[PDB]
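> Test case, fold it:
(7 chains, ligands or ions: 2)
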Amino acid sequence: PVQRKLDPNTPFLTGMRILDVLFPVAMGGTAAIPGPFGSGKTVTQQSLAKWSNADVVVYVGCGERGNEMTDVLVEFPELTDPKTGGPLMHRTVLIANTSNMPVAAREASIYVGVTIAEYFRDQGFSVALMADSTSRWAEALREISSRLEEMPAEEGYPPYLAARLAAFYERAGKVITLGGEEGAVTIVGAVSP
Amino acid sequence: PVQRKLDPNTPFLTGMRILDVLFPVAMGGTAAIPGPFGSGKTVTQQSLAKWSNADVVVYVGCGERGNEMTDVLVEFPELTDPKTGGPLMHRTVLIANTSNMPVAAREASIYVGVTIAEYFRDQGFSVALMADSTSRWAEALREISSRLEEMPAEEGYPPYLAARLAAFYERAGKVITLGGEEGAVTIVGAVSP
Amino acid sequence: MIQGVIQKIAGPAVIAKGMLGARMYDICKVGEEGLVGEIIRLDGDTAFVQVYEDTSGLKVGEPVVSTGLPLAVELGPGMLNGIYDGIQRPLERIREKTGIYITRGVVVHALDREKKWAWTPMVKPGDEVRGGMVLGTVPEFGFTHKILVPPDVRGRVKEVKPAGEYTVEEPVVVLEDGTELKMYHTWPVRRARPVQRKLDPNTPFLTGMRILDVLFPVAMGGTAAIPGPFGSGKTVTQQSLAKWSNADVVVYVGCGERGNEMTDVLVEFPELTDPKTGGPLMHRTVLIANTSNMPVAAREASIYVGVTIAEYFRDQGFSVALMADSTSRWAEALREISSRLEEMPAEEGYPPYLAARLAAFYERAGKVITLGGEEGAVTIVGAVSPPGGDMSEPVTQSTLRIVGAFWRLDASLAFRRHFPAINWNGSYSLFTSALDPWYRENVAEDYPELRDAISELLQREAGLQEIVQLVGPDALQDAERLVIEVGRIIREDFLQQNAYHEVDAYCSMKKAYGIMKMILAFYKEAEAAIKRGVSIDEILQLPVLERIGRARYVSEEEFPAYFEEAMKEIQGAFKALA
Amino acid sequence: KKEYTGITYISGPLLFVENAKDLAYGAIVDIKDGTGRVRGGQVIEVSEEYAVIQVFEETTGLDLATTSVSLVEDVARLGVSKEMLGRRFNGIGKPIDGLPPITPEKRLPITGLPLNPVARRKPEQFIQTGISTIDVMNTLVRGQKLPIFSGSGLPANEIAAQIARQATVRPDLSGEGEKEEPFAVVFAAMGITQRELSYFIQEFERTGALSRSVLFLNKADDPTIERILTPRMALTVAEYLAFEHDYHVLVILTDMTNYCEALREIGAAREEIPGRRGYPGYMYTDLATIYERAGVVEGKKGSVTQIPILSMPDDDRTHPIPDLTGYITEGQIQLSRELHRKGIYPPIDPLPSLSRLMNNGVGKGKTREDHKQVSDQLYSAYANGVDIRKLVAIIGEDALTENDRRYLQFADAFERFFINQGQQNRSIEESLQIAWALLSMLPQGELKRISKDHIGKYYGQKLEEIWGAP
Amino acid sequence: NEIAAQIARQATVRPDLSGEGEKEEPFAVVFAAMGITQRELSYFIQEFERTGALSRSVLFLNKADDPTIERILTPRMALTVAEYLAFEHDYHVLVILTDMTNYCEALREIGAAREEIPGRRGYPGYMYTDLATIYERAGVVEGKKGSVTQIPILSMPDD
Amino acid sequence: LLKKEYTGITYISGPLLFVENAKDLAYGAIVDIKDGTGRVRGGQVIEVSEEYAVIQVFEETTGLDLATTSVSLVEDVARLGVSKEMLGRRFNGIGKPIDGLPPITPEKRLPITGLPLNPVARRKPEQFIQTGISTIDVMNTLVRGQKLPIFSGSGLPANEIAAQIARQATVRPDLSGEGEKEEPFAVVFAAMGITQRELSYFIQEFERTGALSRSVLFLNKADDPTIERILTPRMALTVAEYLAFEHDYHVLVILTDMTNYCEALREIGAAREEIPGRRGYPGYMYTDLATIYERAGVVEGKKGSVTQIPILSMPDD
Amino acid sequence: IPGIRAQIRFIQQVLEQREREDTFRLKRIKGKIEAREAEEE
Ligand SMILES: Nc1ncnc2c1ncn2[C@@H]1O[C@H](COP(=O)(O)OP(=O)(O)O)[C@@H](O)[C@H]1O
Ligand SMILES: [Mg+2]
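Numbering: from 1, shown residues only, chains lettered A, B, ... in the order given. Ligands and ions are numbered 1, 2, ... in the order given. Below is the structure in question.
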């Protein structure tokens, strides 16, 4: 819970030049990155995780490859965030559910990630959550829906897919917490059509 | 029942130039006007109800708006029937099963109009039957066949749909009645794809 | 064997109760008339029989007896000069019984039980026979039919009947474990006949026409695909490569097509001539015949019957050309089969296992050493014909994935009167790199180099065809007009071939090599004549080109008396110029 | 007649019957209501528990208390005879002309036994239809099936009735074949309306072409299962006449699209999963079942020629009905909407039409020695006249060559003297006379596809002298 | 949403050009919202409080994280209040029905939970009847001063 | 051990057969199905319950019945017997040897599904294996411990590129810090559905230049049943992970036609009555391709690599 | 030419997708029709 949801009025400085000048997301904003394979979409997510103004970064990656997870684990403790000094890994909570790992757990990975981002939001920080391949979460919901013998709608996905997806993207926001202090959580969701 | 069915050799004068010159309709003939939403179906059928040389006109609103039946109720007594001097509302029967009325009555609404037109055919008149939205009768049959838990044909419709359509459109056609004198029903049907 | 009764009749699906112990995909006789149907979906005590014919007239309570054995073929002597159908029911004896129609429940046997054959054994009592071992001979049509032990039977032999005039039901040898062995055996048409070693393709299937063995070989034990459009000369090409073939047993499979499109096979094919003895071609040809109104299961099983008969003839040690016409017809019969079984379709309407069935058809075709110890081959030249005329259906794509050559007939060339109508810009053959040492030994050591040279000239003519189409051949430079004229002489002499001619119907490798070297020598000597500066006009009107024109209308008895003199005339008439 | 009372489940068209094991599969039943009205039905899904019956008509007065089913004719037959050559029937076979019922010489099952492919000849002799652009450019031969690929608004019933009242075998063109073979037309009209039914009975009683023709006409308010059974009745009367009395039979099947829609709705009523684009999976075999009941037979003298007519649903040849029909039949002749709006009858463009079995049934002894070459030359000349007509819109009349203006005038004269026939009846001699009068416009030497003997015999003829089309 | 709020803040009847005298009767506003996230809701309530309309409006709000089945009852109870205020107290109610595509996917959810045969693209066969029973509850009646005008908003999926 | 043959089949429809009161079978167990003649088939236990368990039969169910058919239990987890002498031999799609030689005396029997690697134990691929192809050397670069597909077509030579970079690819340590004796190299080559022409072509290309003494072959013809085409990449990657993470090889794996693997997966996946995805391919095909692509890579602590080249033809380009 | 061919191939593939969804729903409803009798027992 919160006390009050505010309006976003301060940009989320992604450190790029096309994603903050021409098409900016604010601090309590929600953004979505589509794109086919070989079109970036991983270096942009890692650039959001490296060069941002956010205090903490929750990097939840569900359904994608593990070389990216070990890349983030290898090359973050050598870098330095340009806010307080010290290692870059001392502000990242990273949740990995690789594609060879079980498929009903990447539903839970997204909720675990956004609950951790809301926990660091409820203290006064400005969390950035990078939710990577939410389409693989839609495929996990398709898997359990077809295992449960439900009617599909539009290529196998369950009819409550848009409701679950809206209830995930609705948790991002610029609020004042119950402690009086203000906080924010932004969500960048990479979708892989 | 009927004594004989003549072959048609006399046009149903609509009044519109294209529909009477290039694509005519005989007095014992059927006709079908499909088109998307906003194309000109209901204005055309009210034009046929307003200007054609039918002795009586049966207007069957089968699952359409209430404002476009209120128009026919309000502004027809202000007009004058051709071939006589009495007002235009004095020659029309108006069956009106609108959109928010119960859906199971649309089959009954599309049959009550054709049997009233057959009754005025059996008196020696020349009846026009403007039935709009036979596709709404088809959709009503689909909604009631869902409750019958049957197996449908293409698009969801029950498989007896074209038998119903053939039995509906076959009830027209320039007859010599049981009383010896001749009459006709001509059916103009709007289809909404 | 196992006799139940009908309890439910829905369409061609007869649910028969009582049959506990019946086998799956097992033939059975449903009804008092006898209706052949295969058993699917055993459920408890019952069995769902898919019946081949129409069930209109069957009541409930009628007996269903079980055969015990799957859809099989009766392999033995008495098949050549034979017109069968998709489940091997001889159509001529049905014509002899029941008139011009095929009444449902005509039971005729696949082989003639009344014809007396001339047995001659090659075993003796005390011998130890394992499977595939030839145990006798029977002369069929000037054709030593070698009777095999069935390929999963072994033991010690006794009671060998002496050399006499027997019939196909009489057992000829008896093992010492019971187990008599007749002249025939039933083999299931869907499991492959066992062999001991598949060889590799390094020996060419000599087609007979000098494009499909020079430019696009097929390598005996191989696999080709030809598309059939209308007006392409399809039937004359199939008849020519079955008449003039390298093979010595031909198996034709018409797998369900138009009635008028194969009743002119069944009247034009038994009047051909075997050009090695003089008799008709049907004395070494088996012909499976389906029109499009036969039952679906026969029209789907016809190619498996064809491949199993052709593997029976390779097991004796022979060369079999199987030509399965119109595999797309088969594929939609399989699609209809899968539609009554309530399956989720694939890419167009097809089953998910269309390419698995096509792989099981085409990959049962290779050069092999049999269980007896001698080589044999089932080279398949099976055709295809999509209904749209475009090559992007699932059937043609799966076929192009699993074949080794493709020979694009186009109807434009037969409209242009270029027979055979093989488009070379769209055909391909992958057996060129593997047939190299056979060419190097048995033809000449330089044969692939001038094969690539003629392919290079036919590449460059169609490469600069656009300038000829935009302008006309009289305004090309010098050498480009030489390219179009030598490509023209390649087309109008070498590639084109009259199948109805006396001696142009067949062209061996030596004759093709001769015309090949003659054309290429004329090209790369007239090129040097242009390098002198001689005008193009005196090269074209020149009397030695008549020799290259009638290079192909020459018997191969007299081609080593013609090739040398023409090759001397080319050098003479190109050293006489300035 | 041992009627089965005690039923359950009337629903839709279907009704279940308890304790019916003696009903054979495919049998026909009479369903008597408590009022006394008798309906007809067909038994499907017979079992020990209950037998399903699909009712022909509607199920209105039926109830579970007063209803009885009785067996009639345990497989569907018709009584066939020679005395039915002037009669009209409705789908099942009841006479609708008011004349008394026929006395059946035989009682034949209506479903087809397939011909034995050993026992078929090659279809080698021709049949004229009177229509010049069917007789000349793509000939129908005796033993051929070929459809007319009509369109939506196009006049297919008119060409159906014209070919019906105009077809004739001419044995004079052989070496004096006798006229002891008679000709007969079987005409199955399915899915038709009242208007076009009145049109066919007017058209067949007008010219007197009803004495050699037998009609199987059912309307659209008739049951759809009668639309299934109608081509079976037509083809078994055809096979009876042609293989028992040596007739030359022409089977005209009007609106094969309506048959396919009836088949789809009966499959979905009998509760099975459709296949490709909603049409049933067994459609190829069930459609080759009534396409492949045509052709000559060895040892018999009679023949069954067949013209199915079908409308493409939105004028495309990739729909399953014309796709499978052209995948069974021998070519097609295709009506063009463009020539009909231009105003031309019969509106047949010969550029997408094809007779796959034409070249067998023409030549010397069949029609004339120049028939194939005239057909090929007219096809090439019209095919390169149309694109010159399209080209002159952007270049200009004077800026073409001589030969291009000659082909343009050829195309202009062709599609209003050769195709635009009207209802004139042309034999093959008048049709080839008009064809050589059209080829006389192009100069000699441009007629490349004709032998010089036929050019020397026939080139040079006025159009305003022959009066075949003045 | 900006176009709907602009229409809601500047729609006025013209009494002088019509010829019915003059009173300048303003609009009551019924605002039904089904899955507005937080940004659309913030824009609408700031626009309404900036133009001074929340003393004339009644809002039936349904946020994006609220449960997705009460979207079935949201438009019906908005238009119940609209029909009441127009036809028994003679107001001039303007009804803004935000984002009907969320209502249609809510009824697709409850119609695919019940295994019902769909129409096109998975939406059930009675969606025409549900959208009709919502929409057709508007207009004017005879002899009474009221009116229900409707502006729904639709998000066309692939536009 | 002890053999426990279940009798009492109740339903056999497609590849599916229902064994009743088979409570003692686990999910995903491997069974063999003895016919009433003596011909044993294989199958896998799906959908275990208290009243029936659904065996999916691997091969075709031709000849089975309800009286004489037995279902035994063979090795609950699908293991493979792997030893180190496999280098230089040819195998079936399952793993049985087809070269005229006696089988493998196994050193270790490890499962073929393979456990997922832990992303804190994986390290970065940071070195260089050199193929002979100049583009794949200079412009693109096959890093030691990654996977990269070769997208090809129909009339495009992809088998020849496979047989080329299978025989002339090597790692070269002399440009790095040396240890040249320390690191050996090996090739695992799995062909999934090939013509006999392609079979003889790869066997000639591997016995032509002495390239077979480094490599292991898991060839699969199109005559073979579809379950061998499903099981081929898992056998090849089991042998690859053994040789890379037990003896410090630098295994290069070539999966030469994944399109036939996907078509075999679509064929065997239309038996669970599950709605397919895009064009008939199943909804779980991302997870099934990922469970055989993610098994590449390098692990910290070790020195071995698994480097995958999936070659696959676009069905249309 | 290839732009129109790509649009045609895209539309044909998505129409085949909708047809395959419809024939999945019909198989599901036929199983649910059959379950009525097995519950009737
Ligand atoms: N024949 C016509 N003449 C003049 N205006 C027309 C005509 N047809 C349509 N319109 C205009 O377009 C609107 C179309 O309404 P309508 O035809 O009822 O749509 P639909 O046919 O989809 O129900 C009409 O309200 C009118 O404003
Ligand atoms: Mg309307």
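> give me the number of residues near residue 165?
In the absence of a named chain, chain A is used. By the criterion of other Cβ atoms under 10 Å in any protein chain shown, residue A:165 has 19 neighbours. No exception for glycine: its C-beta is placed from N, CA and C like everyone else's.
> Wait, chain D was what I had in mind.
When neighbours are counted by other Cβ under 10 Å, residue D:165 registers 20.
> Now it. Its backbone dihedrals?
Main-chain dihedrals, residue D:165, degrees, to the nearest 10: phi -90, psi 10.
> Residue F:152 now?
According to degrees, to the nearest 10, residue F:152 has phi -130, psi -170.
> before we move on, what about residue D:202?
Per degrees, to the nearest 10, the backbone of residue D:202 is at phi -60, psi -40.
> Also residue A:63?
Residue A:63 adopts backbone torsions of phi 90, psi 0, taken as degrees, to the nearest 10.
> what are the ranges of the strands in chain A?
For chain A, the strands defined by DSSP state E cover A:4-5, A:30-33, A:57-62, A:92-97, A:126-132, A:173-176, A:182-190.
> mind checking the longest strand of chain F?
Across chain F, the longest stretch assigned as strand under DSSP E is strand F:305-313.
> quick one: it to helix C:394-402, angle?
Between strand F:305-313 and helix C:394-402, the angle comes out at 130 degrees (axes from the mean of the first three to the mean of the last three Cα atoms, to 10 degrees).
> Quick check: residue D:177 vs residue F:12, distance?
Residue D:177 sits 63 Å away from residue F:12, going by Cβ to Cβ, to the nearest Å.
> what about these two, which has more around it?
Using other Cβ under 10 Å as the criterion, residue D:177 and residue F:12 rank with residue F:12 on top: 23 against 14.
> give me every residue that touches that one.
C:24, C:41-42, F:18, F:61, F:64, F:66 (Cβ atoms under 8 Å, 6 or more residues apart in numbering or on different chains).
> Now chain A against chain B: closest residue?
Proximity of chain A to chain B (Cβ to the nearest Cβ) peaks at residue A:151, 12.9 Å away.
> same check, this time on chain F
Taking Cβ to the nearest Cβ, chain F has residue F:273 as its residue nearest chain B, at 17.4 Å.
> Now the phi/psi pair for the closest residue to that residue other than its chain neighbours, please.
Distance criterion Cβ to Cβ, 6 or more residues apart in numbering or on different chains; nearest residue to residue F:273, sequence neighbours excluded, is residue G:27 at 7.7 Å. Per-residue torsions, residue G:27: phi -70, psi -40 (degrees, to the nearest 10).
> dump the residue contacts of residue G:27.
Contacts of residue G:27 by Cβ under 8 Å, 6+ apart are C:342, C:344, D:273, F:273.
> so what's whatever residue of the stretch 51-200 of chain D ends up closest to chain F bridging to?
Residue of the stretch 51-200 of chain D nearest chain F, by Cβ to the nearest Cβ: residue D:52 (23.8 Å). Note on residue D:52: beta-bridge partners residue D:16, residue D:44, judged by DSSP bridges.
> So which of the strands of chain A is nearest chain C?
strand A:57-62 (28.9 Å).
> Now do that closest one: which elements does it pack against?
Strand A:57-62 sits against helix A:43-50, helix A:66-75, strand A:92-97, helix A:105-121, strand A:126-132, helix A:134-147, with contacts defined as 3 or more Cβ pairs under 8 Å, 6 or more residues apart in numbering or on different chains; DSSP states H and E.
> Up against chain G, what does chain F have?
F:273, F:275-276, F:278-280, F:316 (Cβ under 8 Å from any Cβ of the partner chain).
> what sits against residue 10?
You didn't pick a chain, so chain A it is. Neighbouring residues of residue A:10 by Cβ under 8 Å, 6+ apart: A:26-27.
> that's the wrong chain, I wanted chain D
For residue D:10, the contact set (Cβ under 8 Å, 6+ apart) comprises D:59, D:62-64, D:67.
> Look up how far residue A:161 lies from the nearest residue to residue D:381 once chain neighbours are set aside.
Using Cβ to Cβ, 6+ apart and skipping residues adjacent in sequence, the residue nearest residue D:381 is residue D:410, 5.6 Å away. Per Cβ to Cβ, residue D:410 is found 65 Å from residue A:161.
> ditto for residue G:14
From residue G:14 to residue A:161 the distance is 19 Å (Cβ to Cβ).
> Pick out whichever of those two has more residues nearby.
A direct count of neighbours by other Cβ under 10 Å for residue G:14 and residue A:161 places residue A:161 higher, at 20 against 13.
> Find the pair from the contacts of residue F:12 with maximum spatial separation.
Maximum pairwise distance in those, criterion Cβ to Cβ, is 13.7 Å, between C:24 and F:18.
> so what's residue D:20 closest to, chain neighbours aside?
Closest to residue D:20 by Cβ to Cβ, 6+ apart is residue D:51, at 4.0 Å.
> Neighbours of that neighbour, how many?
Number of residues near residue D:51 (other Cβ under 10 Å) recorded here: 29.
> Hmm, it is touching residue D:16, no?
Yes: here residue D:51 reaches residue D:16: they are 7.4 Å apart, a contact under Cβ atoms under 8 Å.
> Fine, thanks again, bye for now.
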